[PDB]
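# turn this into a model:
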Amino acid sequence: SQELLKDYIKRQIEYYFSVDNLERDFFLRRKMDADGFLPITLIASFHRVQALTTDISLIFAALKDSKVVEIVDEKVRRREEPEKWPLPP
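Numbers count the residues shown, from 1 in each chain. Below is the structure:
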């Protein structure tokens with residue numbers, strides 16, 4: 001089973017995309033495209049996600065379970081007003 005693991009991964013990534021985090025997370029914001037999207041494999045590299053798993057299908061399945069984020073292809077963004085967050089690299 002991976003259901004509980006998927007829940008821990010979902011809540012960890014939803015933290016990165018919370019307003020509280022985004023107001024100070026200048027690294028993540030400089031890795032966004034102008035539409036807010038980031039590579040899912042960049043999120044996978046973050047220490048608290050990588051501690052839980054290196055299984056990319058599990059990470060995608062965790063994110064399909066989220067009302068906070070939106071996946072398109074290989075990228076993920078905050079669903080609400082994502083264009084407000086990108087910063088210059």
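
# residue 88 reaches residue 30, doesn't it?
Yes. With contact defined as CB atoms under 8 Å, residue 88 reaches residue 30; the gap is 6.7 Å. Just so you know, the C-beta spots here come from the backbone N, C-alpha and C atoms, and that holds for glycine as well.

# these two - which one has more neighbours?
residue 30 (11 against 5; other CB atoms under 10 Å).

# which ones are touching that one?
Residues counted as contacts of residue 30 (CB atoms under 8 Å, 6 or more residues apart in numbering) are 86-89.

# most neighbours among these, please name it.
That'd be residue 86 among these, by other CB under 10 Å, with 19 neighbours.

# who are the neighbours in contact with it?
29-30, 32-36.

# of the residues you listed, just the buried ones, ChimeraX syntax please.
To isolate the buried ones among these in ChimeraX, judged by 16 or more other CB atoms under 10 Å, type:
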select :29,32,36
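
# the contacts of residue 86 in strands, which ones?
Judged by DSSP state E, the subset of the contacts of residue 86 located in strands is empty.

# restricted to helices, list the contacts of residue 86.
29-30 (DSSP state H).

# tell me which two of the contacts of residue 86 sit farthest apart.
Within the contacts of residue 86, 30 and 35 form the most distant pair, 14.5 Å apart (CB to CB).

# what's the burial count for residue 69?
Neighbours of residue 69 using other CB under 10 Å come to 24.

# tell me what it is bridged to.
residue 78 (DSSP bridges).

# which residue is nearest the centroid of this protein?
In the chain, the residue lying closest to the centroid (CA atoms, centre = their mean) is residue 13, at 4.7 Å.

# for that one, give me its contacts.
Taking CB under 8 Å, 6+ apart as the test, what residue 13 contacts is 43, 49, 59, 62-63, 66, 69, 76.

# cheers, nothing more for now.
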